[PDB]
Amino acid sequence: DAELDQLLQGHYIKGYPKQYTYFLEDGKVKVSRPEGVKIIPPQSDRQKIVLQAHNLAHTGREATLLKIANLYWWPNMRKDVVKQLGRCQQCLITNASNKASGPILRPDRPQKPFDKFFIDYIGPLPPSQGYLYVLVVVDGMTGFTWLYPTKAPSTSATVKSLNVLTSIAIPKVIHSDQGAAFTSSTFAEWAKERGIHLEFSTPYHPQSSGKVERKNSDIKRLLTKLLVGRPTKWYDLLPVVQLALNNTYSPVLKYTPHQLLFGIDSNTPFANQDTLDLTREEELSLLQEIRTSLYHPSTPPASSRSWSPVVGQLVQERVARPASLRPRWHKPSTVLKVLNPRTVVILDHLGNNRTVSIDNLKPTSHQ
C-alpha cells in the first residue's frame, strides 16, 4: 500500500518501469500497458490472487498466468506463480513428470557361470497338470536357464525347486525382484544356510531383473508356437523349451547358453564339432577366453531432457498401485545417497530408507 502510494505521484520504484502512466481509478492502482489497462494489486494481495487463479483448474505456469494477466499486472508475475506451484501439494503429487530418466546402465556380464542367478516367476498360466506358475532361473553369465513348474509363486515352491537346481552347483548371488516368494524370511534363511547372497531389484522395476525377464519372453514365445492349434498343455513342454532355448544361438554372441556353460555341445541336433580334435583342457582354455571376449553393450545416449539424481534433491516416488482418482506420486522426499546414476536411496514417505530406481521417481517441480 505504501509502496504503491509513491508510484502514483511519479516516484520511481524498482521493478516498475518508469515509461508507464500509473494512475488510480475506482480505488485501485492501474497502469496503461500495451495489452490494455491492468490493475496493480498491493504486495499483500498478490499471494491470494495467484492462489485463486491457480485453484480454478490447478493449472501450471503459463495457464495460470494467462488468467491473472487478464486483470492484473505486477513486477515478476511468473515468479509469484511458480512460487505457488511449488507449494500446491495437489499439483506436486498429481501432475506427470516432463523430464525423462537418465540413460540406462548396462551392468557388466557376470564373469563366471554361477556367479549370479536371476530368478523370477511366470504366471498365472492356464492350468496344466494342476500347475499354474513357472520358476525361471537364468545364469547371468551364460544365459543358461532352468524351468520349474509350480502351483504358486511361493517361497516353499522356490526352495524346493532351487534345492534341486543347487544339486549341480551353488551360486554366489541370486538376484530377484521384491515379490513375496523371494523377500520372505524363510527364503533369506534358506540362502544364508547355503552361503548365497540375495540381491533384490528396486521395487516395481522389472528392468533390473531384465536378464530373466527377457528370457521369460523367449519361453512364452516358444511355448506359444508349440501350442498353436493345440490346447495349452504346457507342463510337458517345459523340458522341451528349456533344452531348446539353452541350445539356441544368440546371433550377437555367436554362442548358445549351453556352449557358454559347458564349452561343448551335447548330443543335441546340429551339435557343433569344431573343438573335436582339441582336448578337454584345451577346450576349457578356449572357453575361458570366449567368456571374457563376449560382446557387451554400452550406455545409450541420454535423451535431450533427462534428469540425473543429486544428493539432497527433492524427488517424488511413483505410487505403486494408485487407486482410481488418486494421485500417481507420493509426497516429496529427499535423496539420501546416489548409488549409481539410476539408483538412489530416499527418505521414504513413511520415514524409512527406501532404495528405488529413478524410473519410479520424478524431480519435484519448481524446486
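Counting begins at 1, following the sequence as shown. By rigid core we mean the largest C-alpha set that fits within 1.5 Å across both forms.
Displacement analysis by core superposition in 8 other deposited structures of this protein ranks 348-356 above the other of 21-29 and 348-356 in root-mean-square C-alpha distance from the shown form.
Of the two stretches examined, 275-283 and 203-211, the record assigns the greater average C-alpha temperature factor to 275-283. Between 322-330 and 300-308, the higher mean Cα B-factor belongs to 300-308. Remark: of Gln242, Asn95, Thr256, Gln288, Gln288 shows the highest value [criterion: C-alpha B-factor in the PDB entry]. In the PDB entry, the Cα temperature factor peaks, among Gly263, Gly140, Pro251, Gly229, at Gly229. The entry lists a Cα temperature factor for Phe187 that places it in the highest third of the chain's modelled residues. Among the modelled residues of its chain, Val315 has a C-alpha B-factor that falls in the lowest third, as given in the PDB entry.
The deposited CA B-factor of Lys172 belongs to the lowest third of values across its chain. Sorting the modelled residues of the chain by their CA temperature factor places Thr64 in the lowest third. When the modelled residues of the chain are ordered by C-alpha B-factor, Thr364 sits in the middle third.
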